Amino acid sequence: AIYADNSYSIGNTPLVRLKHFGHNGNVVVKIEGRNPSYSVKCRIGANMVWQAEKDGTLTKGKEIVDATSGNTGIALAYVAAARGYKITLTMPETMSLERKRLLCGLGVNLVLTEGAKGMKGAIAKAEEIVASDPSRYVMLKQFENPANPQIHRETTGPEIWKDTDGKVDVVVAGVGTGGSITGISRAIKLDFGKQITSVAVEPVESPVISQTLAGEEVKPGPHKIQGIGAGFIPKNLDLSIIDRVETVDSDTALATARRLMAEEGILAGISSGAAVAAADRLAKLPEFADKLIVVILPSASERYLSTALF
């Protein structure tokens, strides 16, 4: 069909079988880079706006405010432009010129916060802007907004079911907000009734899901796997549907993403390398020998050209 605006074009992303990972073709990847603004977050950008419209919290003239310059910021930016909303995004003044430019191009009002304050400064500013006129400003809150995992339950999950003819045995997804693994797992286990293995992936450097579930002290730490490892358990991670948690280190994530490019011709982002490195480890266990493993690749390589990836 013809989509009425770019927000409606989300999803329907392809599954590609890996040749140089897995055992006998048991690893398949879902390419979320193929989306209106080239990441998985396009789905949640669209659905958080749509849900806020339906429940009346977002109306014509009201303005979107958030503190993300990552995939969610970019997703919210294209959706806002597509649907005719103003949007303000707050961020550290030390953000890349590439990211500022991309966001300015999408029509975002960028508020640069104090470099020496980091993300905390940006989040506080966003909260401050909203509190200055709550009737004017809406903050969509991707870590807690159920519209995040809901769109994955309605689209991402069903696409996996359909394209695998229900043969999916394992889903492997890195956790940022948790929305992807949560929504996909609810779709497959609850709507399609299949007892799959849901595998959350996090950085070995900040393994807070692992520590939490082990009842150990939660010790977040710095890592280079962009888009995952938030350093807390987000509200949109449904721990009840997680069967397994795999940790992957930043170097290995990066090396894997490079291998995806050079060996499979897949332009994967850093977190994609992490998800595949975890999936390859499961795929080479005899217990998963005859099992179909589907891995979310959240983003595409060109978004990471000035990073450690290249």
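Residues carry their position along the shown sequence, with the first being 1. Each form is matched to the other, and the largest set of C-alpha atoms that superpose within 1.5 Å is called the rigid core.
Novice: With everything overlaid on the rigid core, name the stretch, 205-213 or 96-104, whose CA atoms wander farther on average in 4 other deposited structures of this protein.
Specialist: With the rigid core superposed, the C-alphas that lie farther in 4 other deposited structures of this protein are those of 96-104.
Novice: Quick one: core-superposed, which stretch strays further from the shown model in 4 other deposited structures of this protein, 36-44 or 58-66? Go by RMS C-alpha distance.
Specialist: It is 58-66 whose C-alphas lie farther from the shown form in 4 other deposited structures of this protein.
Novice: With respect to the recorded C-alpha B factors, which stretch has the higher mean value, 111-119 or 97-105?
Specialist: Higher mean C-alpha B-factor in the PDB entry: 111-119.
Novice: Mean C-alpha B-factor higher for 215-223, or for 155-163?
Specialist: On average, C-alpha B-factors are higher across 215-223.
Novice: Of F192, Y78, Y137, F143, which one's C-alpha B factor is largest in the deposited record?
Specialist: Highest C-alpha B-factor among the listed residues goes to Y137.
Novice: Between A131, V175, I209, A82, which carries the biggest CA temperature factor in the record?
Specialist: Answer for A131, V175, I209, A82: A131, with the highest C-alpha B-factor.
Novice: Against its chain's modelled residues, does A147's Cα B factor rank lowest, middle or highest third?
Specialist: Middle third.
Novice: Where does the C-alpha B-factor of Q51 rank in its chain, lowest, middle or highest third?
Specialist: CA B-factor rank for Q51: middle third.
Novice: Sorting the chain's modelled residues by C-alpha B-factor, tell me whether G231 ends up in the lowest, middle or highest third.
Specialist: Ranked within chain, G231 CA B lands in the middle tercile.
Novice: Select lowest, middle or highest to describe the third in which the CA B-factor of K62 falls within its chain in this entry.
Specialist: Tercile = highest for this residue's CA B-factor.
Novice: Using the B-factor values recorded in the entry, state whether the Cα atom of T90 falls in the lowest, middle or highest third among the modelled residues of its chain.
Specialist: Its C-alpha B-factor belongs to the highest third of this chain's values.
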